[PDB]
């Protein structure tokens, strides 16, 4: 008997943190859809207004850029009103969709609101769902802006803007305390009488709060004058109410009517179903009123009637009593001093947990989500990898140097005083000396084609590929990695390759090799990604602009995975001569950021590709996550003097724009990666914007910051990468996060820039030497990043630490593991082997979980090419020893030939029930899933057919002792079909099948003749027939090592009278059956001639005259089957022949089979004579023991490879890993994701060496300095 | 999620109950057909007898999947088995082939084990809502639940 | 669908949204697991 009250606030509550934490919401689609939508209905009603509103109308790109001007007081009443309303609705829409909180209903809840909250309250009371709240909620946004707008009309009319305002808008309202509302009203009246003031300009009591508290509104000049007359002990405190409200003398009914004219007339408007507590009226409760009428009435509360906040508490309580509720929950939304409400309402009157959901549901949706950065690879100056870049930064390395001769000759292109045309004042740069290296074979390029391709394209392909492997991305492996859900976006400032290098001789691959669009395109073509492809040029912000587009794609659901990168490689001296002509470039050296003498930026080269994914998909696929991007934003510096220099106002508004969109405050960002281009103006301007955003000073003068800020610029090291500048900065932070250190700042060579503000006073710092920067316990480190452009587009993002990696305590019980290596060239294979050995030597003793996670990583998360190598062992040392030996053989001249496209050929051998044993197949049954399903299936199916239950045979070993013939027989057949399903699932497709006796029934399923369950009906019914008619022990079977001729000559009596041949297995291997007396006599006759003879455990004598009575009924049950043509040939011992047609599987087959001898020799010879079997075929025993493979082996040759699935002696996974190794090397497609699926401890992505590239230098030399003579004749 | 696991399990038991024919071309055949002009119990008797002459496996048997009306009903079975059984039903009887691509409503095929398997995607918890609006379950002992 | 068996996957196609399975659902080439889920999506979609 509890009643929750939803209470909304007024302008006094600061919604900057509110709105901030709203655009953090990624946990529901209706929140972001509504919040994004709010500007639309808003702007739809923003245009019908007066002219003065069009004068001082601030700029706002989204609901974010309003925040800094809100805190600064430079935001008007119309928009600040709408902003508060949006924030209130957003928090509600959050809490009731994101927050899994039920929607208000008239029985258990009521609504209340103060000023803006009243408008908000109408909307919540009028809907039956959040989804139904959305449109009404927007109509309320339009009402809110027209409310604040009209208030500013009349308020501007009463008094205009003050001279000392400087854009800040003064507050029309003030809170008074220490006096009763009535006594203060008397003081107002007295002041009115004593001073000469108009009837409209008079002060008035705007609100009644408490016994000693209230609020008074007048003019900033008038209100100041009145408040100056109120002396201590009374209190006076300011409030952000920027227009006159609650003034029945200033406003009338026409103003209310007008504010609500944005609501079209209709009869379908929903009514107010939840009672709203309107406490400032005669009627405390109002329900059932239509939405427009309710809105106009709420507008009248705001504009006309005074707030009576002393009547709010009891007003709620009265209604609580009306419905017979003992107490209330407060649920305040953006309500000033909300904490004290609950006690106040309960004074008049006489426990939560989250609801989990499906795996991936309790978290946020897959539409919008804090995008995780999975991996990043790149090539940077003096760095072939991200790790060498960390070495550049942490050691304070400065990489600038004169242009190398590979690009152009500085002696002719550089002079201290450029005079001649196309000559520059600088030749400095931070260069990629390896940019020509590339592997043409990996990417299917001819040595003719690979030179003509831009280094941006080629290194984009390399870095992209590497980033994919680092993230363990296999196309079409998971939902997020499906080929049509993957996008690419790359920033590029110029293609100098086609302007300078390939331009000397144009050919067919000139345009494929030179246009910027192929940079992302080529990546999509190689990996077969059918998602979007784009190149972005915002100049020096290009990469972050591309990142922004990519983040938007993941945010709108356009792609699951996004590939983001940037490329800068400069082969063209003109770009130097022109940028230098524009005074952009430093003629002394690198970017010196913050240095008191900074003359420009130094060009640099970089190539980066990253992998981005929605966090739901990221965590779902167990991908690595180095960090997570909360958000990002872009504006343009329109207010600039010049096209050249972006200015600080736009930049600051953009910093708070991302702090809103992301949802944090200054104190949360502990480090800022600035876009420092080594300019006195740029550096001072940007620093001022950064500290004013992230390190403010209160009005008293102290620092707002509780923790330290550390500011730096990557450009002071590797120079200015232009398009790739943003990704370089981002690259820096990904490593800084990894190693938990801030590298030194080398930009200050001589003296700090004197134009900067005092950094120490605001707790900004420039780390000169490395500083410990550890992760707060149960917290996350957060960073602000920048990259800007001369083209004025400014872009920045906020980056946050990755989630906490879950601690998997389940240890892999598997003893033996398998490691899979692959490559496209023998050299590349040698490289990968060497690099893997060195990696094992690094991590040899770290942990035991390393080997399962290595197998999972190297297998399920890797693409597998034609050259392949494998190692298998119980610990990392065995793996190393194997890879080392095989590496030694490759270095010694062993040729690596790729396997054929078809792969190895297979014949599957199914054994009879003779060699079956207790606890057969139990380990696979315990640990695996699909096999368990197969067995459980056979159990429910057999229980449905009135056959015994087989599940107990694999659950428990004891039951094998007392098992009946039918149970053992069904268990055997079920075992073979489930086993065959497993091997079929692992990628082994059979060329033909051969069974022996009972194994052929599984062969009929494997061939496609019979279904599984039907096979169990036939076999089971047959066993019941054998138990029904025959008797155990009367007959027996004998295994004999000798030829048929010798056996016949040895036994007195012909075959078919004194005995019968049950099986003809091999040349000298035969089996005899008959009555016990016949077997005894035959055994003596054979032993007399020293022929080795041994008995079978078979109680009956199969394939002899014994089974005559069961054949008629077995014929009917053989007609019970539905027969189909075999999909592959069936080697039939029954008829001694290879059958391809269903005509021979007619019901007579199963009778013939039961009675007739099993001729393996005749069937196998028939198979080899057809060419179906030869030495190159690989036999695989599906069954308890290798009795049949030895017969096949005898038939075709001694060198045939045969491998058995199950054997009593050894451990199952040794056989498994060892078996998979041969097929994977000989070629096959094995599903590795399922091999590790039931072992979560093994599922993690290790950082392993990148693919060993077979690299060659592909380059077209720029020669003869022809760029200096542009426009001149030949001469 | 329960639906995709349901259809996946039923298709898995199509695979266990039979394979695809040669004339499919990727098309998945109909494992159910509607019969008319006969009462449900009489058709059940014809199922018993036609089966009994061939003694078809109680897994491969054509089974009565639905009782529609006094003369209508639906029978399910294999494209070869079903078409063979349907071939014995002659005019005035009607046969309309339905677009159901896996076997359902088969107590001789499924048990509680598979049912539980289908719903294993629902994590355990004590907070799951109950059924507040009555569901009319007409194929059970209790019409209302 | 990734938790399925090999026969349940090799014949399962790629799709981003539910639009690509429409023509093939008309053509009767769609598996029971997806067509089952599709019918369920349709029913819920119309009710919502």
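Please read every residue number as a count from 1 along the shown chain.
If you're wondering, the header gives electron microscopy, 7.1 Å.
Cβ coordinates come from backbone N, Cα and C, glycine included.
As recorded in Swiss-Prot:
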type	residues	note
DOMAIN	A:368-801	domain 'Ketosynthase family 3 (KS3)'
ACT_SITE	A:540	active site, for beta-ketoacyl synthase activity
ACT_SITE	A:675	active site, for beta-ketoacyl synthase activity
ACT_SITE	A:720	active site, for beta-ketoacyl synthase activity
Sorry to bug you, but what's the C-alpha spacing from residue A:675 (active site, for beta-ketoacyl synthase activity) to residue A:720 (active site, for beta-ketoacyl synthase activity), rounded to the closest Å?
10
Spatial neighbours of residue A:540 (active site, for beta-ketoacyl synthase activity) that are distant in sequence (at least 6 apart) but have CB under 8 A:
A:493, A:720, A:722, A:723, A:725, A:787, A:788, A:789, A:790, A:791
For residue A:675 (active site, for beta-ketoacyl synthase activity), the nonlocal same-chain Cβ neighbours (under 8 Å, six or more residues apart) come out as A:686, A:713, A:715, A:725, A:729, A:786, A:787, A:788
With H, G and I counted as helix, E and B as strand and the rest as coil, say where DSSP puts residue A:540 (active site, for beta-ketoacyl synthase activity).
helix
Measure the Cβ-based neighbour count of residue A:720 (active site, for beta-ketoacyl synthase activity), defined as the other Cβ atoms within 10 Å of its Cβ.
32
